[PDB]
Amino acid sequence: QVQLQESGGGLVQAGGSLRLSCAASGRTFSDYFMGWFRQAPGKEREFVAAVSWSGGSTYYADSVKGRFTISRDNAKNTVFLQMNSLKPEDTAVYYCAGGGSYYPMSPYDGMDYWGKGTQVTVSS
């Protein structure tokens, strides 16, 4: 079915910005609440951000709220993750995901499709 592919990762300096993107195959993109997750060194994977079907509503994990913003282009089957004021603690593999239903108290629960991830490394 749907396949997700992240892009845009790389080496960034602390304090800088980087925009990630995620492309989705098929013609059902607007049927999916989309989200970003990450796994940092030595940690479990954690929620980062999510954007609703139409793109009208956004949710952010408390660790990145204010610094990261998420959006989507339903005409291009893409989700974007804008990161500002990057910190060393933001070094991680960033994962794209989507699902028809969204669970605000546990955002991984409604995700039915997952990308393979893209690495982001923040050095100081």
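For every residue, the number given is its place in the sequence shown, counted from 1.
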- [ ] Mind pulling up the entry and telling me whether 23-31 or 58-66 has the higher mean Cα temperature factor?
- [x] 23-31
Task: Selected stretch [higher average CA B-factor]: 7-15 or 102-110 - done: 7-15
Task: Among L81, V51, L86, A92 - the residue whose C-alpha B-factor is largest in the record - done: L86
- [ ] Comparing against every modelled residue in the chain, figure out the third that the C-alpha B-factor of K43 lands in (lowest, middle or highest).
- [x] middle
